[PDB]
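What follows is the residue order along each chain.
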Amino acid sequence: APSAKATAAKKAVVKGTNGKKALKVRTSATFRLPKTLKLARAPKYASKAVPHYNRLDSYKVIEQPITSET
Amino acid sequence: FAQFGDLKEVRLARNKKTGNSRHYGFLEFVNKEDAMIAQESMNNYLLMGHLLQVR
């Protein structure tokens, strides 16, 4: 005989019925990097801890009027 | 053992007086191969804390 029932039962007791696979469709020829988590910085310290001030304020921009004839 | 086969016959060993198990028995399922694979599978099988021996 084949004893297909009983060799299924053999396979059951010896492996424990965890015996199939979830086959995944995979269609792309190329596999790519999964898109994952990307934080932004939370520094324990600032880089320089003091903002530099307005470099380019107006009183510093405008140096001079010209006083020439043209 | 109906998992392994529709049995030809089973018999169990009890005492005849105050009938309780003397811990053995016999079977035929149908086939020689069925008996072989059952024995091969369960020769040294453990359970609650007896273990069966089958031949």
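First things first, this report covers the structure right here in the doc.

Basis of the calculations
- Residues numbered from 1 in each chain as written, not as in the entry; some residues may be left out.
- Chains lettered and ligands numbered in written order.
- Part of a larger assembly, values for the part shown.
- Heavy atoms only, no water.
- Helix = DSSP H or I, 4+ residues; strand = E, 2+ residues; numbered from the N terminus.
- Buried < 20%, exposed > 50% of the residue type's maximum accessible area, 1.4 Å probe, protein only.
- Contact = heavy atoms within 4.5 Å.
- Expected span 1.5 Å × (residues − 1).
- Arc of directions from axis to C-beta.
- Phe/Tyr/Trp six-rings, centres within 6.5 Å; stacked < 30°, edge-to-face > 60°.
- Buried area = accessible area lost by both parts, 1.4 Å probe.
- Salt bridge = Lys/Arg side-chain N within 4 Å of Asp/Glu carboxyl O.
- Polar contact = N/O pair within 3.5 Å; in protein donor to acceptor, adjacent residues only side chain to side chain.
- Nonpolar A, V, L, I, M, F, W, Y, C, P; charged D, E, K, R; others polar.

**Quick look at the side chain of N15 of chain B**
Residues and elements named next belong to chain B.
Piece 1. In this fold, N15 is placed in the loop between β1 (9-14) and β2 (21-28).
Piece 2. Looking at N15, the relative accessible area reads 18%, which means it is buried.
Piece 3. When sequence neighbours within four positions are dropped, the list of residues in contact with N15 reads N20 and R22.

**Points about helix α1 (residues 4-15) of chain A**
Piece 1. Between its first and last C-alpha, α1 of chain A extends 16 Å over 12 residues, near the 16 Å set by a 1.5 Å rise per residue.
Piece 2. Every buried residue of α1 of chain A is listed here: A6, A9 and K10 of chain A. Buried positions in α1 of chain A, seen along its axis, are confined to an arc of 110° and lie on one side of it. Structural note: α1 of chain A exposes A4, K11 and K15 of chain A on the side pointing more than 90 degrees away from its buried face.
Piece 3. Residues of α1 of chain A that are buried sit in contact with α1 (32-42) of chain B.
Piece 4. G16 of chain A, located one to two residues past α1 of chain A, shows a positive phi value of around 90°.

**Focus: the packing of aromatic side chains**
All names here are of chain B.
Piece 1. Applying the stated criterion across every chain yields a total of three aromatic pairs over all chains.
Piece 2. Judged by centre distance (5.9 Å) and plane angle (45°), the ring pair of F1 and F29 falls under tilted. One end of the pair, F1, is in the segment before β1; the other, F29, is in the loop between β2 and α1, and 28 residues separate them in sequence.
Piece 3. Taking relative accessible area as the criterion, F1 reaches 55% and is therefore assigned exposed.

**So, the interface of chain A and chain B**
Piece 1. Contact residues are listed per partner, giving eight residues for chain A and 11 residues for chain B.
Piece 2. Here chain A and chain B share an interface that buries about 750 Å² over both sides, 53% of which is from carbon and sulfur atoms.
Piece 3. Where chain A meets chain B, there are zero salt bridges.
Piece 4. Across the chain A-chain B interface, the total number found is five residue pairs in polar contact.
Piece 5. A per-class count over the side of chain A that touches chain B returns four nonpolar, two polar and two charged.

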